[PDB]
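# Fold and contact review
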2 protein chains.
Amino acid sequence: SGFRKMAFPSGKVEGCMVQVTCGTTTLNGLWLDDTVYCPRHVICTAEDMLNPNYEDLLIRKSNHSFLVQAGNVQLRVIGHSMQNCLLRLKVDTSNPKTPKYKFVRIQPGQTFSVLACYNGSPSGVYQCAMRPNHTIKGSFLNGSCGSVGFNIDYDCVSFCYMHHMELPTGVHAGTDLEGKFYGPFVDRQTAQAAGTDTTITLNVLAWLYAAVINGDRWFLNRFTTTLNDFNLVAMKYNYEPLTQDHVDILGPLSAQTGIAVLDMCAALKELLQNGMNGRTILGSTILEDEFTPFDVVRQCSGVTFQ
Amino acid sequence: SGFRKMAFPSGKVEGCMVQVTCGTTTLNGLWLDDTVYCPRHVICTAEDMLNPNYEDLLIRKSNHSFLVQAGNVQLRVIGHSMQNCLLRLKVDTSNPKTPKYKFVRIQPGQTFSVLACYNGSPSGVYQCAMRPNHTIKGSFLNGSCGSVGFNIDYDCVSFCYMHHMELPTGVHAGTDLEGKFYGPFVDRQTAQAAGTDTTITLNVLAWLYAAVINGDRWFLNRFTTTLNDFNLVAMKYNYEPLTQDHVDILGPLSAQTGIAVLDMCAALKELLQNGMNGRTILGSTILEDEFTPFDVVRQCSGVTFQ
Ligand SMILES: Cc1cc(S(=O)(=O)c2c([N+](=O)[O-])cc(C(F)(F)F)cc2[N+](=O)[O-])c(Cl)cc1Cl
Ligand SMILES: Cc1cc(S(=O)(=O)c2c([N+](=O)[O-])cc(C(F)(F)F)cc2[N+](=O)[O-])c(Cl)cc1Cl
């Protein structure tokens, strides 16, 4: 029993973190096989960040412009290229600790683990959801950029995030491991801001199913609702519209608990209109939206506490 | 910016997790040098758990009664002893992945990282506080016992918890790595229950300092208080009494933010009596008590957002 925001064990990623230095700028890189990945912003100087032309800044560099440090060992760069907002540095040593991996572009609403790192040294690990507005509420200080986000699937690490910037509201933005930003953000100093966000409806419903699996039914009711009537309430409370696809995804959780998805939606509607009346759900006084259906099935028992 | 419950990177502990089998019972063990540590409950049968005599159950075992599996490799037990509520199995191979480590007995209020494990395979990692009533609000299913709790100090892993049981309220209990239980619990099936708990005052104050370091001052006020007047309010709201030692510990955070500890206590008192009036603190609608002063200094910037 219990229910916590659980991260994936981080060892397989820890063995991939390196330090990349260009000029006066140091940040983190990801070393897989004979390639190091890092934010291309490493090549900017303290006067370059307003309107840096990365094509122009990079042509002016050589392989030995880049210092890559793996622990106390210095790796030699024998090649370099730009891929979107990342640099790819070829090095003369293949990472012996390379795990099985893939690069994936995650969808909004989906969760992953972040290994926060400074100067190539892992510092902490925590779970994050990709917000609908394509930012994450991370925890990051200066020098964290190049820290990565991942999920682990058996022995395979699916890398999905590399950190690049903090936005004015203190939330965070970055790219996939192909260097394409999540969201409309750019790696230069502008007036960019997070767009308005919304609550991840599918994840709140997932979490209500987790609460029932863990033995709590207090918030249920005798009503049902149609998708459309639910969605009228949803927009009132700044929730994502629920779709038939989302209803289908909740099938397994619905089967395990014997509660119809649209009946759970009726419960949510009531929670939204009436509040929680001093009560908690899985320890929480608020409706949580950073657990996916997948996250609930991973962590919760396969047999419910009836 | 941001503020999250951050766990320590778990790789150094992942390389220490093994599977221990005796009879029909399988659970997790911790392999350091040539010793495997695990809960002594591994030697009970399905009819032994009411009043097992572990001295009696163990004398009846040999070294080959125990099957220890490290990944796909079988370790051979060449010795065994009981230390309080743990077994210590000597094996014929020293763990090549042994990190620098120590065993520590943590105090209530203190936090650590849990590496949740099943059948010797790490599954997830999350941060926990040792409650004043000596339980933890973990997330654990059948087969998690022998999962460990730890803190990491440079390259040194300080092991402080090994998991043994779930109590009737769904909270968790275990021992230090000398096999001594935290709390009055015993490793047998009885009517034992968690005693009443209280909020960790020192940690709530720490977290209020974190909120100010991160730029938020809304909850402050123009008042101060004495220790004694604060403590009158504290017992009303089921908070730990604040002591001069706790005031002294908050010194560094007090200096960084320019807010006197007893002035922050006046703020807490007001929060306790008046509520949060629809507002949040570091994203939270409630007062959080699972971050220590140490945790705040580890994660927060050393320069406050004035
Ligand atoms: C990719 C990257 C960006 C920055 S940044 O200078 O700090 C930065 C950037 N940025 O990416 O160039 C954009 C923005 C904004 F415009 F999006 F707000 C804000 C910041 N910032 O936190 O000062 C730093 Cl230091 C390091 C890296 Cl690796
Ligand atoms: C050390 C240990 C205990 C149990 S236990 O059978 O599950 C157990 C124990 N226990 O430790 O013997 C005590 C209590 C209680 F009395 F404290 F409530 C409750 C349980 N339980 O969750 O069924 C299991 Cl399976 C595995 C281990 Cl390694």
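Deposited coordinates in this entry are attributed by the record to X-ray crystallography, at a stated resolution of 1.856 Å.

Residue and element names in this part refer to chain B. Relative to the elements of secondary structure, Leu75 occurs in strand β5 (residues 73–75). Assessed through its relative accessible area of 3%, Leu75 is described here as buried. Residues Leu75 and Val36 lie 39 residues apart in sequence; the distance between their C-alpha atoms is 9.8 Å. The residues touching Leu75, leaving out its near neighbours within four places in the chain, are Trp31, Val68, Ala70, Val91 and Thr93.

To continue, consider empty space enclosed by the protein. Residues and elements named next belong to chain A. Applying the stated criterion across every chain yields a total of three cavities of 30 Å³ or more. Split into classes, the residues belonging to the lining of the largest cavity amount to two nonpolar, two polar and four charged. Taken as a whole, the second largest cavity spans an internal volume of roughly 50 Å³. Lining the second largest cavity, in full, are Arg4, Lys5, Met6, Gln127, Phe291, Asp295, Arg298 and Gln299. When residues of the lining of the second largest cavity are assigned to their parent elements, the largest contribution, three residues, is made by helix α8 (residues 293–299). A breakdown of the residues in the lining of the second largest cavity according to their chemical character gives two nonpolar, two polar and four charged.

Glancing now at helix α4 (residues 227–236) of chain B. Residues and elements named next belong to chain B. Every buried residue of α4 is listed here: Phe230, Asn231, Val233 and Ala234. In an axial view of α4, the angular spread of the buried residues amounts to 160°, which keeps them on one side of the axis. Seen from the buried face of α4, the exposed residues on the opposite side, beyond 90 degrees, are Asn228, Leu232 and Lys236. Looking at the packing, one finds that the buried side of α4 touches α3 (201–213) and α7 (261–274). Directly after α4, the chain includes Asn238, whose backbone phi takes a positive value near 65°.

A few words on the nonpolar core. Counting residues in hydrophobic clusters, the biggest one holds 38 residues, and the most contacted among them are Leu30(A), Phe159(A), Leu30(B) and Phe159(B). At the level of elements, β2 (25–32), β9 (111–118), β11 (148–153) and β12 (156–166) of chain A together with β2 (25–32), β9 (111–118), β11 (148–153) and β12 (156–166) of chain B are the ones that each hand at least two residues to this core. Setting aside anything within four residues of it in sequence, one finds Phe159(B) in contact with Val13(B), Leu30(B), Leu32(B), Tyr101(B), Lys102(B), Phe103(B), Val104(B), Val148(B), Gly149(B), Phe150(B) and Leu177(B).

Below, the discussion takes up the sheet that holds strand β7 (residues 86–91) of chain B. Residue and element names in this part refer to chain B. Across the sheet, which stays open at both edges, the seven strands sit in the order β5-β4-β1-β2-β3-β7-β6 with antiparallel pairing between neighbours. At either end of the open sheet lies a strand with only one pairing partner, and these are β5 and β6 (77–83). Sheet twist, expressed as the average angle between the axes of neighbouring strands with direction ignored, equals 30°. Direction of pairing for β2 relative to strand β3 (residues 35–39): antiparallel, over a ladder of three bridges. Pairing of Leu30 across the sheet is with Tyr37, part of β3.

How each quantity is defined
Residues numbered from 1 in each chain as written, not as in the entry; some residues may be left out. Chains lettered and ligands numbered in written order. Heavy atoms only, no water. Helix = DSSP H or I, 4+ residues; strand = E, 2+ residues; numbered from the N terminus. Buried < 20%, exposed > 50% of the residue type's maximum accessible area, 1.4 Å probe, protein only. Contact = heavy atoms within 4.5 Å. 1 Å grid on protein atoms, 1.4 Å probe; cavity = no way out; pocket = protein on both sides within 12 Å on 5 of 7 lines; lining within 4 Å. Points joined across faces, edges and corners; volume = space filled by probe spheres on them. Nonpolar A, V, L, I, M, F, W, Y, C, P; charged D, E, K, R; others polar. Arc of directions from axis to C-beta. Core = buried A, V, L, I, M, F, W, Y, C linked by side-chain atoms within 4.5 Å. Pairing = 2+ DSSP bridges. Axes fitted to C-alpha atoms, helices over the stretch in contact; angles between N-to-C directions.

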